[PDB]
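Letters A, B, ... are given to chains in the order of the sequence lines, protein chains preceding strands, and every chain is numbered from 1. We use all heavy atoms of the structure for the numbers below, so side chains are in, but hydrogens, waters and symmetry mates are not.
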Amino acid sequence: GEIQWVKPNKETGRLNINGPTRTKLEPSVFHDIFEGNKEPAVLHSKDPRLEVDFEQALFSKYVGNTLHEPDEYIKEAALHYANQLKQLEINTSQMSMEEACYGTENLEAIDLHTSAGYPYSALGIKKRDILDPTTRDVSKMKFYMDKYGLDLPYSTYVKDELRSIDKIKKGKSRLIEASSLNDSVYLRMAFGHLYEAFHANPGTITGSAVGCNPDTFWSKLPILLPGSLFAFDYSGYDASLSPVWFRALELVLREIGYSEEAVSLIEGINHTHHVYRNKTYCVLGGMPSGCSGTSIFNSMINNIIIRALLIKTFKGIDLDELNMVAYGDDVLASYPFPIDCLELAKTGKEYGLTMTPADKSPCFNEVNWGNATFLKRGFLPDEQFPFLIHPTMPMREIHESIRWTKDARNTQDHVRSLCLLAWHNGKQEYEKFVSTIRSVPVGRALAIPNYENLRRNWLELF
RNA sequence: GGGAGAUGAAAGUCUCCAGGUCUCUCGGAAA
RNA sequence: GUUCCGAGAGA
Ligand SMILES: [Mg+2]
Ligand SMILES: [Mg+2]
Ligand SMILES: [Mg+2]
Ligand SMILES: [Mg+2]
Ligand SMILES: [Mg+2]
Ligand SMILES: [Zn+2]
């Protein structure tokens, strides 16, 4: 992705977009009894913790574009993935506006708790002023789609979240690209049934984990990914995508049966205009992080990428033997023979992708089930039933979360949620976590789930 | 580095408004 | 399993 130009809003006529410049995260009652390094991300260009220029850091992710047109390898990769998807029998017809707005069994309703985006937010119109779940009314939606149309600019915001202290000093906060409600509705109408099919089928047919529940899906991953496991990380995946990968995604949608009119909507994701503060800018390439379908389209593109890298790098690859599961840029994959991911990473560079060893390990090709992660979780066989695999969120990550809060009233729910992540690490580690929680009065008053009950409920899921 | 307010001589400080797409999970209430 | 409300995690 690459910024094509930047203009003042006084030139384009767009409304200014401003979001919170102070964090909602504060130290919790556990802040001092657990260790941690993370703090709230920089939200303001004058944050005294910065050691670099803020806005230069924010937009450095737009590293540029390489290819714009699929080569033979990307074409062959796209068709291979498309052929694999045909067994899902995705319904390519338009989803009704009522279903796109108010949801289905496998597609959640539009989130009425978040911004309606451009221009509604700058005009004080909320999603709930347009959508009503008690009536499932679509007349007001159609009125505002006629009034304001489609392909509205994305509204750029800085995400309020914990970041490592080195990302604080380097100004590496993450940007949110808020979709206009009009475009979320329109993409959901075009692709809503594909969303449903992916959500209902996490695994190696979609090549996607969207919709998975790690508590049970982890035991499936070694069965879905047999053979020689491999994995790697991307640096700035979303913004590094060149237009070629959107053309590749179009090839996939066309091949599985979408009309040209539906396929053409992807150009409105490849090419987007954005408003940040008082400026409008044009971005060619790059997945806009807050568009409808971000995680699925990122996951589909990852399936195309790895296929293309394999057949461009190595001779005699049989893509039918590739197994992979992506969640956006995150991935785990396998193949019947070990493959040299350093060589794959070199090919990735030609395509404008920056691939690095999985989980900041020093070199490629040392991934195994004992050290693999996915969705920040490791894989730990149960001691009694080794065919059942615990997802292990590292305790260090759970400690970072417990040290901050948006509201001390949330402490009971927050801690219980972390307990359901922590106990997979084992009885000893869980009891140490619970003991530290109970060393202050607020924690000693909480209801904390019992390890043996947690594990017994987990075993019953199978 | 926005809007409105409070306080203040100001610098500041403080309150509310303003902050995506999705998935999974827990909790409260309800039929 | 459903609905509304609140929360946590992940991409
Ligand atoms: Mg499902
Ligand atoms: Mg990973
Ligand atoms: Mg301000
Ligand atoms: Mg608000
Ligand atoms: Mg519930
Ligand atoms: Zn443009």
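Judged by ring centres closer than 5.5 Å and planes tilted by less than 30°, the bases of B:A18 and B:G19 are not stacked on each other.
The distance between atom CD of A:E108 and atom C1' of C:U3, rounded to the nearest whole Å, is 12 Å. Spacing between atom CG of A:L221 and atom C1' of B:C24 amounts to 14 Å, rounded to whole angstrom units. Between A:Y276 atom OH and B:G2 atom P the separation is 13 Å, expressed in whole Å. One interatomic measurement links the two molecules: CD1 of A:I125 to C1' of B:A18, which rounds to 15 Å at whole-angstrom precision. Per the geometry, CG belonging to A:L15 stands 14 Å off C1' belonging to B:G3, to the nearest Å. Regarding A:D132, its CG atom lies at a distance of 15 Å from the P atom of C:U3, rounded to whole Å. One can place NZ of A:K220 at 13 Å from P of B:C24, the figure rounded to the nearest angstrom. Atom-to-atom, CG of A:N213 to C1' of C:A9 comes out at 12 Å; the value is rounded to the nearest Å.
Residue contacts shown for A:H113 are limited to sugar-phosphate atoms, with no base heavy atom under 4.0 Å away. When heavy atoms are screened at a 4.0 angstrom cut-off, A:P214 is found touching the sugar-phosphate backbone but no base atom. Counting non-hydrogen atoms under 4.0 angstrom, A:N16 reaches nothing in the nucleic acid. Looking at heavy-atom distances under 4.0 Å, A:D329 makes contact with sugar-phosphate atoms alone, never a base. Using a 4.0 Å heavy-atom criterion, one finds that A:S401 contacts the sugar-phosphate atoms exclusively. If you check every strand for non-hydrogen atoms under 4.0 Å, A:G290 touches a base. Using a 4.0 Å heavy-atom criterion, one finds that A:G117 contacts no nucleic acid atom at all. As judged by a 4.0 angstrom heavy-atom cut-off over every strand, A:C212 is placed among residues touching the sugar-phosphate backbone only. Among the protein residues, A:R188 comes within range of the sugar-phosphate backbone only, with heavy atoms under 4.0 Å from sugar or phosphate atoms but none that close to a base.
Side-chain contact of A:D160 with A:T23: a donor-acceptor pair under 3.5 Å is present, judged by distance alone. A donor and an acceptor atom, one from each side chain of A:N106 and A:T104, are nowhere located under 3.5 Å apart. Between the side chains of A:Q94 and A:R188, no donor-acceptor pair of N or O atoms lies under 3.5 Å. Judged by distance alone, the side chains of A:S401 and A:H414 do bring a donor and an acceptor atom under 3.5 Å apart.
Summary of the strand contacts: A:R128 and A:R377 both lie near RNA chain C, and taking for each the nucleotide with the nearest heavy atom, the more 5' one is attributed to A:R128. Nearer the 5' end of RNA chain C, as judged by each residue's closest nucleotide, is the contact made by A:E105, out of A:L375 and A:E105. Toward the 5′ end of RNA chain B lies the nearest nucleotide of A:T114, the other residue of the pair A:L420 and A:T114 mapping further downstream. Position along RNA chain B of the nearest nucleotide to A:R277 versus A:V210 favours A:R277 as the more 5'-ward residue.
Not one side-chain nitrogen or oxygen of A:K406 sits closer than 4.0 Å to the OP1 or OP2 atom of C:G6. Distances shorter than 4.0 Å separate some side-chain N or O of A:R416 from OP1 or OP2 on B:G27. Using a 4.0 Å cut-off, some side-chain N or O of A:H199 falls inside it from OP1 or OP2 of B:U23. Between A:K24 and the phosphate of B:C16, there is no side-chain N or O to OP1/OP2 separation shorter than 4.0 Å.
The same atom, P, is picked in B:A18 and in C:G10; the two are 25 Å apart, to the nearest Å. Spacing of P atoms, B:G1 relative to B:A9, comes out at 24 Å, to the nearest Å. Spacing between B:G12 and B:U21 at atom P, rounded to whole Å, works out to 35 Å. The gap from the P atom of B:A31 to that of C:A7 amounts to 24 Å, rounded to the nearest Å. Rounded to whole Å, the P atom of B:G19 lies 24 Å from the corresponding atom of C:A11. Comparing the same atom, P, in B:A4 and in B:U23 gives a spacing of 38 Å after rounding to whole Å. Annotation: B:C22 and C:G1 have their P atoms spaced 23 Å apart (nearest Å). Spacing of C1' atoms, B:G20 relative to C:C4, comes out at 23 Å, to the nearest Å.
The aromatic rings of A:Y195 and A:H199 sit parallel to each other, their planes meeting at less than 30°, with 60° as the upper class boundary. Between A:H274 and A:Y281, the two ring planes are parallel [angle under 30°; tilted spans 30° to 60°].
A distance of 6.0 Å or more separates the ring centres of A:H390 and A:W218. The aromatic ring centres of A:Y144 and A:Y120 sit less than 6.0 Å apart.
Between the side chain of A:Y327 and the base of C:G10, at least one donor-acceptor pair of N or O atoms lies under 3.5 Å. One N or O donor and one acceptor, one from the side chain of A:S45 and one from the base of B:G1, sit under 3.5 Å apart. Between the side chain of A:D413 and the base of C:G6, a donor-acceptor pair under 3.5 Å is found. Counting atom types as modelled, A:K46 pairs no side-chain N or O with a base atom of B:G1 as donor and acceptor under 3.5 Å.
The pairing partner recorded for B:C24 is C:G8, the criterion being a Watson-Crick or G-U wobble arrangement whose two distances lie under 3.5 angstrom. Remark: C:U3 base-pairs with B:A29. Criterion, Watson-Crick or G-U wobble with two distances under 3.5 Å. The base-pairing partner of B:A6, taking Watson-Crick or G-U wobble contacts with both distances under 3.5 Å, is B:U13. Base pairing of B:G19 is not made with any nucleotide, judged by Watson-Crick or G-U wobble geometry with both donor-acceptor distances under 3.5 Å.
By the criterion of a centre-to-centre distance under 5.5 Å and near-parallel planes under 30°, the ring of A:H44 forms a stack with the base of B:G1.
With salt bridges taken as basic N to acidic carboxylate O contacts below 4.0 Å, one links A:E431 and A:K427.
Side chain of A:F54, nearest nucleotide from B:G1, C:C4, B:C24: B:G1. Each of B:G2, C:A9, B:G19 was ranked by its minimum atom distance to the side chain of A:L421; first place goes to C:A9. When the nucleotides C:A7, B:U23, B:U21 are ranked by their closest atom to the side chain of A:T294, B:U21 comes out on top. Of the candidates B:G20, B:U21, C:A7, the closest approach to any side-chain atom of A:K127 belongs to B:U21. Side-chain atoms of A:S289 lie closest to B:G20 of the nucleotides B:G20, B:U23, B:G1. Checking B:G2, B:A18, C:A9 against the side-chain heavy atoms of A:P20 singles out B:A18 as nearest.
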Review point. When you look at A:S93 and A:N91, which way does the side-chain hydrogen bond (donor to acceptor under 3.5 Å, both in side chains) test go after all the steps?
Key: CA-CA 6 Å; A:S93 70; A:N91 185 356; 2.8 Å; yes
